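Note: ideal-geometry Cβ built from the backbone for every residue, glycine included; neighbour counts use all protein chains shown. Computed from the coordinates by the stated procedures, all read-outs in this text should not be read as laboratory data.
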2 protein chains.
Amino acid sequence: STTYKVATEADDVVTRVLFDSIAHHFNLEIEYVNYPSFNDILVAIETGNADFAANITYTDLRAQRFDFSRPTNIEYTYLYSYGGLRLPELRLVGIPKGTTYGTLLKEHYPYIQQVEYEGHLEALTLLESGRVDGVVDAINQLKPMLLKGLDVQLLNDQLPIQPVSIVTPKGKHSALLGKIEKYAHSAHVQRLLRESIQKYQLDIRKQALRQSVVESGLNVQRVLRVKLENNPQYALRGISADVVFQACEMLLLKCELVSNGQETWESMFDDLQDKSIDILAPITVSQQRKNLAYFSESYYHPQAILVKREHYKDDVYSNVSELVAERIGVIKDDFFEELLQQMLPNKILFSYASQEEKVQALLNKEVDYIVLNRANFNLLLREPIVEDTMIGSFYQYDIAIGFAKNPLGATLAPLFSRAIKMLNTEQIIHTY
Amino acid sequence: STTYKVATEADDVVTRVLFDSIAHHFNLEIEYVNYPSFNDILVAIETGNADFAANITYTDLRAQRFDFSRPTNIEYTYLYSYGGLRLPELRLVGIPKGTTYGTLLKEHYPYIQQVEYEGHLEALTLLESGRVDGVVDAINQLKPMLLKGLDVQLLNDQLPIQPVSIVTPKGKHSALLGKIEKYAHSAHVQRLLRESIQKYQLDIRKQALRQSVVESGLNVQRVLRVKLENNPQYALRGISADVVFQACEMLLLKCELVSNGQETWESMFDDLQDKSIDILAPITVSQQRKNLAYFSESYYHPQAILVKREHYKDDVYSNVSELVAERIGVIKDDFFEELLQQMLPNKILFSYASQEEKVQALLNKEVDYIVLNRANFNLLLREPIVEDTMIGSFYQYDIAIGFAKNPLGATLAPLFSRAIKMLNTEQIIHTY
Ligand SMILES: NC(=[NH2+])NCCC[C@H](N)C(=O)O
Ligand SMILES: NC(=[NH2+])NCCC[C@H](N)C(=O)O
């Protein structure tokens, strides 16, 4: 009889889940050993004070110090920061020593400078009131870090985070590592690692978020009134509804979608300025509108394109500045009218009351090019003209949630920004 | 009788072309007045020492100092630099004073710092052996600047360069400015401004480029032998042929495309290492290949995606790191094999001899996901499976022209980089 020592750093939930599963499947005596730092773990392995460790990114240098299994799983990787910053917002970043993260951040953000640390306390003091703007580290730090009032941004869908593997003192547990490898790749264990870990970390992040709601002292018994824009403009029970509602679920607030008939002349934004509703989306955050409501961070980025009569002047123009003498149709007070007024200063635009009228103008040769957002233009075709691929997307703008300009909305909007971050927006967008 | 004074700065070819055209059409006595600086021109206008000026970007502040016509034309705008740098490569940039360029560069590249100058000599000394890395200025500077051995990058398809207009002392030539405006927008004059100016500046840039060929001292009587990759891999008489051939035209070298049958086992790269041909494209600049040939700058950026059996495991995985236990098929020694070996370290990939065999493996359920480049995958469908939109483009890589590793190729490759810059690649790509 014996005992296999497997290394752990901080809250090593994947090492626990994986090796409990293995311990039990092969009837193995596992013994977890806490190491105060990830690089402590690495020395333990090549040395031999520990038999196994997980979550180690394989490298060519590394395979010459101790022996690797093939990658067994992903590793959730976060930017920890007071406020929830992004990578391209930092000039200092804390970096766990010995990790693959040194190379990753200099390869993708070489200007930031890294400051090395050892373990959670060191990381925590660097952040906890220090010079470091943010720390990049694994799921091991999530639970203790969010306790200390920190926020995260999941980096795995932001950067190519390499898969991860189980490792062993070189030439040591060769046969056992093989069996462990083959078991880990099984349909069962893989399905278990995907879901339980995702569930595990999303729950910690929800709890932190929900504690913020409570700390905000807003009345969660209040039914938030929501309106969705249904005047042909930019987007919509689709992308916007899912983001708003699921964010409302993220925060354990109750939201109710409300409608009448409206709107083409009965603006919902008026309802928002009335304070007769609390939330309105989508809203494309113009300049005109920027001050009349509070805004969540963006959650979609529409592609402005030009719609032209088919077969008309193809490849004559390669970008919209060369339309100096073409007739461009926009809708009055619409965001695209503003856009062109910046982009093509002092130029005559032709204004219309509606998309319908805007389109019919193009068809009647009243006008030659009209401004639409791509996704909306594809929609119209499904339910005789086309896009000028040459010019193509001449602009990318922002869609956000708007909140009524009062104290409640001031508190809601930053909260909704976080709920949106934690969402899988890409999936929703695809769906539609 | 009288005389209208219209302002000019340096080689103001658009002011000449436009106002000659107007002078003649309305029977007007024009008198050009050289101003040593663009901001000299502006003061002349609001003052009244000059009756007209062109190429002035309209602004809200500006319209309160002198009066604007509506935009009449675009303005070719260049980064001037020793070597031909790009904006995101500079920490210092020279900026003409009074221009719209101050605002444009800080809005798109705030980190660079601007250093103001007055006129071509000032600009030229800043560049000519100075601290400035590069100057951003209009077509006015093109001919004198390229004389002084400078290179350009056309910024108009790089940045939103606002259209441009004719301007006048405030409340002065009101009626005449109207007639001038309406004439300029005419089908005729517009067509004249598009083509003659484009022709004019492309010729100056060709001449500079061709002088470089001559200065290189390479034998332009030599017929360069070119091969195009025709083993299913990344791209191809299409994108690559147009870029290579038209670049060959750009440089007044003679290139001849050569083929046999080959190649799936008879690599053209071997022909390149043989020195039996001079040029090979496309070639996706791996690491494996990076040192065996000289490479032009990239001219296309393929989208690596995963091809999967239809209806199989949709939305189970959102990026390729989560394929740790899926069977991925690549071609042996292919670029994608290398890619995955970086991206999914120490993981078993299944290797094949060909695309054909790779595909049939996916169909035979030998394998579950295979790596293709998007454009190539669309091709196959046209002449039962699909892409995993969820993962989507998990990588963007580079396509370049490769040149044989000898002195001639060492000279050709940098030259071909310039010829490619001056090309309209977007148009070619579209076409295909
Ligand atoms: N205890 C940890 N998982 N620390 C982070 C490790 C990061 C990365 N997987 C590496 O081995 O370089
Ligand atoms: N002579 C010139 N065109 N100088 C550049 C002017 C740049 C820009 N059109 C402006 O008026 O601000």
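Can you name the residue in the range B:285-331 that is on the phi < 0 side of the Ramachandran plot and of a type in the set (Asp, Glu) and, of all such residues, is nearest to the chain's Cα centre (by Cα)?
The extreme case among them is B:297.
Looking only at the range B:327-346, count every residue that is assigned to a loop (DSSP other than H, G, I, E, B), within 11 Å of another protein chain (Cβ to nearest Cβ) and crowded, with 20+ Cβ neighbours inside 10 Å and tell me the total.
Summing the residues that are assigned to a loop (DSSP other than H, G, I, E, B), within 11 Å of another protein chain (Cβ to nearest Cβ) and crowded, with 20+ Cβ neighbours inside 10 Å in the range B:327-346 gives 2.
Which of the residues belonging to the range A:408-432 are in a helix (DSSP H, G or I) and within 14 Å of chain B (Cβ to nearest Cβ)?
A:425, A:426, A:427, A:428, A:429, A:430, A:431
Could you list, in sequence order, all residues of the range B:343-359 that are within 21 Å of residue A:181 (Cβ to Cβ) and of a type outside the set (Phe, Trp, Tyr)?
Result: B:343, B:344, B:345, B:346, B:347, B:348, B:349, B:351.
Could you grab me the full set of residues in the range B:249-288 that are outside any strand (DSSP E or B), touching a helix residue (DSSP H, G or I) at 6+ places or on another chain (Cβ under 8 Å) and hydrophobic (A, V, I, L, M, F, W, C)?
The answer is B:250, B:251, B:252, B:253, B:277.
Among the numbered criteria (1) within 14 Å of ligand 1 (Cβ to nearest atom); (2) closer than 30 Å to residue B:320 by Cα, which single criterion is violated by residue A:70?
(1)
Restricting attention to the range B:36-56, which residues are farther than 18 Å from residue B:75 by Cα and crowded, with 22+ Cβ neighbours inside 10 Å?
B:45, B:50, B:51
Check the range B:126-148 and report whether any residue there is more than 16 Å from ligand 2 (Cβ to nearest atom) and more than 19 Å from residue B:93 (Cβ to Cβ).
yes
Residue by residue through the range A:282-297, note down the ones that are aromatic (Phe, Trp, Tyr) and farther than 14 Å from residue A:398 by Cβ.
Result: A:294, single match.
Taking interchain pairs and intrachain pairs at least six residues apart, which have beta carbon atoms under 7 angstrom, with the first residue in the range B:339-351 and among the small types (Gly, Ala, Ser) and the second surrounded by fewer than 21 Cβ atoms within 10 Å (Cβ to Cβ)?
That search, which allows pairs on different chains as well, returns B:351/B:332; B:351/B:337.
Any chance you could count how many residues in the range A:14-42 are assigned to a helix (DSSP H, G or I) and within 13 Å of ligand 1 (Cβ to nearest atom)?
Matching residues across the range A:14-42 total 9.
Test residue B:389 against the criterion of being hydroxyl-bearing (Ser, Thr, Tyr), within 14 Å of chain A (Cβ to nearest Cβ) and surrounded by fewer than 18 Cβ atoms within 10 Å (Cβ to Cβ), and give yes or no.
It is true that residue B:389 is hydroxyl-bearing (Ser, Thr, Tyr), within 14 Å of chain A (Cβ to nearest Cβ) and surrounded by fewer than 18 Cβ atoms within 10 Å (Cβ to Cβ).
For residue B:10, are the conditions met, namely being away from ligand 1 (no atom under 16 Å from the Cβ) and in a helix (DSSP H, G or I)?
For residue B:10, the condition - away from ligand 1 (no atom under 16 Å from the Cβ) and in a helix (DSSP H, G or I) - is not met.
Can you tell me which residue within the range A:47-64, out of those that are closer than 22 Å to residue A:184 by Cβ and more than 14 Å from chain B (Cβ to nearest Cβ), is nearest to ligand 1 (Cβ to nearest atom)?
Looking at residues that are closer than 22 Å to residue A:184 by Cβ and more than 14 Å from chain B (Cβ to nearest Cβ), I get A:53.
Just to be sure I understand, how many residues within the range B:375-407 are assigned to a helix (DSSP H, G or I) and closer than 14 Å to residue B:299 by Cβ?
Residues in the range B:375-407 being assigned to a helix (DSSP H, G or I) and closer than 14 Å to residue B:299 by Cβ: 1 in total.
Residues in the range B:72-91: is at least one away from ligand 2 (no atom under 11 Å from the Cβ), surrounded by fewer than 21 Cβ atoms within 10 Å (Cβ to Cβ) and assigned to a strand (DSSP E or B)?
No, the range B:72-91 contains no residue that is away from ligand 2 (no atom under 11 Å from the Cβ), surrounded by fewer than 21 Cβ atoms within 10 Å (Cβ to Cβ) and assigned to a strand (DSSP E or B).
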